[PDB]
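There is one chain below, alone, in structure tokens, taken in the form deposited in one PDB entry.
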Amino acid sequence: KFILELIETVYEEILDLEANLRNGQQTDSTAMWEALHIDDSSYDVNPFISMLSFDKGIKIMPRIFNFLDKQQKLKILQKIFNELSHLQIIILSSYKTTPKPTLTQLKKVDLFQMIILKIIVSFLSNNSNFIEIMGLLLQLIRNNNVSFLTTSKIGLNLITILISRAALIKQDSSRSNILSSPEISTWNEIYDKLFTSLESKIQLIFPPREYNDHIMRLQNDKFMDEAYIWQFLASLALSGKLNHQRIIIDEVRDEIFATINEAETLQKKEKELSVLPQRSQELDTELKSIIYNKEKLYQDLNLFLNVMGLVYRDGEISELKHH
């Protein structure tokens, strides 16, 4: 393709950069940047966006990013948030639009998650200010079916990364009154724009059990791993007013009780395994696995419950006591 040639020239441009890095020369990504075709609108679909559809394109991204400055990194993120709704890996990771992913589609989703989102997190955590997060957030909000996005694992995680970083800086800055009025106001405007794009569709962040089942079989284990769903719920809740929080917890209340029920079932299985005398190692690894799964369900729900000042503990939801 025209995209494989681009990947080879980008790669060569990388090796060049590395030699100059290694030989103590100043680094210049100008040619690497050009080779990505980030501003190129000649084609139906941008060639850098197209490059993200290839495992190889994905796998060289950390080395590309090693040579970019912050302005270049930001520009790349901006490009990604504009094309999000029709970005392949989003379509691939939505249960709506890809209700039965194959193993290789899954591994692709994981690869993108493992590599691209890791880079995005490092970048935003080491190089970002409130206004840049706001802009990325507005941009996502303006240019996508945000709810559709939330049905995607990558899409949701991208929202959570942005939203938790914003909350974090606002928290670190609040301790000494850094952050202007126009910024706190804009965040509450932007937050409320995000919120209202999700209102009444929040539960659609949880995929159908059927879909969960299909995925469990492909990966060979009994494992809802939905931490990323609860992490999103926690961050969404953390930045809302009481009104926002009551709406949220009301909309996901069936999922809260299904998770509690899931946890209670594992707790019962744990008890009946625990009373058995002189177990074999295989029985004991069965027991350790049930315990771990039980604890993960606790910890994942409690992530969200804690933000509402609640805690699930021993079959009960009670008021979280910090003191």
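A residue's number is simply how far along the shown sequence it sits, counting from 1.
Below, we turn to the form solved in complex with a partner chain, even though it does not appear here.
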Partner-proximal stretch of 79 to 87, 115 to 123, 241 to 249, 206 to 214 relative to its partner chain in the entry with it bound, 4.5 angstroms, heavy atom: 241 to 249
Its partner chain contact at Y292 in the entry with it bound, heavy atom, 4.5 Å: no
4.5 angstroms heavy atom contact with its partner chain in the entry with it bound for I317: yes
Residue contact check: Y43 to its partner chain in the entry with it bound, 4.5 Å heavy atom: no
Contact flag, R142 vs its partner chain in the entry with it bound, heavy atom cut 4.5 Å: no
One residue of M61, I49, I256, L273 in contact with its partner chain, assessed in the entry with it bound (non-hydrogen atom, 4.5 angstroms): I256
